[PDB]
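In the form deposited in one PDB entry, a lone chain appears below as structure tokens.
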């Protein structure tokens, strides 16, 4: 069996108190009568702690033991009337009294009439002192601290008066270390000026800033209140000038896969970045290079020049694609990153048996947004991506083009860890010469991340002879439910719908449904799905994939 039963009866009923007592007492285990009898004093003790945490200081607690199958330790309890706050005086004086973002202790638990809960008082005090320390009120002193309780007549008074005194400020920022990065650049990624009101989260922001620039392998950003201005000392350890990286992966879409990167994290004092990268899979190989120049602000604004070469043999198309490009990234405080681009490309291609070659110089604008709990175990978050590019034939273009692609990903956790995943992707290309439009600019659907139940890029318009050539438009959507089965183990069920097509009037949407297993393994998030195609002649398909959900 064999677990012994614990029964808590409160008169009158009080579900809160009951559940609390049940959690505090814990599990009885597989204890027999004698063993339950030894356990009684612990049981009553725990029960009265549990009562005290909810404000009941006059709870009558008694315990019965009854042998049986299984044995039963019954707790009977008369709550009595609890302790309620009468007077509550929480005051923050000094400069902090006028500071906008200084949270005062608030809420139901501190309203007069509320049952006094364990540690709401200490919570209030901790909050006040934590914000005091965050905002540099280091001379902040509690002038009054009083929690007063009379269990008889059930009254409690809280008195917290906090004289905050003057607010400290940021002193000068100093930089030392074997970094060749000019201080001109380093100072433009300091999220505060000197003589500006102190904020420890700005120190943190500085820390993460320096860390994310890629320029160093270690940063020491420290400045304990000292010396009213706090000087800030930053020491920087220059990163290794060059770096190599290798990755292995697998997919149902493309199979075994190898990634390589060769990065140069600082080329010069002005913070330029160099890079090389490649990936090899049986159906697709590509190589790319890039150069980056920080603008202002250095971290959210930059120029990125790129080049690339890519071979692809997939389904019924082949393509050798060459590309050069200039990009201008800027990100607003939302998290909205805009990318203004000018890209030139040349594509050698075979659609079915028809060989084409066309080239385009195209401008584009993109918007991105990523908001998550993060970062490997996101419990909720979302990704938004919008991208439009276009070309004018004559102006270094073999055809006219208006290419649009958009994606939205979303994840939510609700209840006891049940997840819901939502996915939408849309694409469209307008042109006056579809035959001149190469594969990379056409749209395809189906696959692990597209419409499961269907092989990668197989959902597509076909020509006279039955070859999948690419759509003028596409949609792909999915809804997935995940059930937590263990730590690192989830059980999913999903529905995907989508297609690539040439006519808005005949989308011919295909549907896949199925279920799979998710595992946060020692090599990354693994997903294994079994999917049934409902449309065309649908059999079954095994999908496998790795990488973050978002």
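Rigid core (definition): largest C-alpha set, two forms, superposition within 1.5 Å. Numbering follows the first chain given and starts at 1.
Beyond the structure shown, there is the form deposited in another entry, which is absent from this document and is the topic of what follows.
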item	value
Candidates 332, 435, 375, 172 - which moves between the shown form and the other one, C-alpha at least 2 Å, core fixed	172
Threshold 2 Å Cα movement between the shown form and the other one for residue 531, core superposed	no
Core-superposed C-alpha of residue 31 shifting 2 Å or more between the shown form and the other one	yes
Threshold 2 Å Cα movement between the shown form and the other one at residue 212, rigid core reference	yes
